[PDB]
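A lone chain, given as structure tokens: the form deposited in one PDB entry.
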């Protein structure tokens, strides 16, 4: 089945992973250099063995594809997956006049006391960002995230480059180029930025009218992140293939470090008892082609039949 490489990776890290102490007084088990492949003609690799929310992936990917780094767009699609790094930058600032909450993320899931205070502070933030243009401009904007690396890379001359747009034009004119690359790794920013990008770089390749994509992912939360990551890049691959009029090939997912947190062990063991079902199919607006203008409604997933979400 389409998703077996994900289960084999999880099982391999479980049975052969190396232990490393981790920053947040925990530990990981990891392996280096693992690869997964997914033939996208066999179905869409959204995990059946655990429910993965396709709507959040769609909206995040469309966000990136607009070159947008303002969480407002995500709030408008009911997507809170980027909230915390923005919440973090406002809560660290001068304009902020509520409870203390230094590292709200550690104290996050502990006492039910603070966890009611924070959830309302985040609920106010979200709403300010939604309706207050000036507040949104100031705290809604994450700065150096995928939207900017992919579509507005900042050059030394103060200008800005659309790597992905230029790449797509190359697929259309020079399909056999060996330079169909988009990087998110900027050696000038990486020493200071909040989040050196985990999805480091990717490359397309065309053969027999089919478009493949390989992603190099320097670091991977196998349980929480990977299942989202697989679906974003498989969707990216279909969307680019659609805009270029090509069929879809492989998605190849290559890791630097892939890890499992030492407290998440039983959740993934439980998942490894489940048996994949047939994979969903994707449908894209057959009459639209500029993916930089696609919206939620232009992307549909048929026949997705997952086991339940895990906690």
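Numbering follows the first chain given and starts at 1. Rigid core (definition): largest C-alpha set, two forms, superposition within 1.5 Å.
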item: Selected stretch [higher average CA B-factor]: 94 to 102 or 145 to 153; value: 94 to 102
item: 125 to 133 versus 193 to 201 - greater average Cα B-factor per the deposited record; value: 125 to 133
item: C-alpha B-factor winner, where the candidates are 273, 281, 26, 48; value: 26
item: Of the residues 289, 297, 18, 12, the one carrying the largest Cα B-factor as recorded; value: 289
item: Record-listed C-alpha B factor of residue 310: chain third; value: highest
item: Ranked against its chain, the third holding the CA B-factor of residue 247; value: middle
item: Assigned third (lowest, middle, highest) for the C-alpha B factor of residue 209; value: middle
item: Where the record places residue 41 (Cα B-factor, split into thirds across the chain); value: middle
item: Chain-relative CA temperature factor third for residue 172; value: middle
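The same protein also has a form deposited in another entry, omitted here; what follows describes it.
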{"query": "Residue among 159, 127, 166, 111 with C-alpha shift of 2 Å or more between the shown form and the other one, core superposed", "finding": "111"}
{"query": "Core-aligned C-alpha movement of residue 24 between the shown form and the other one, 2 Å or more", "finding": "yes"}
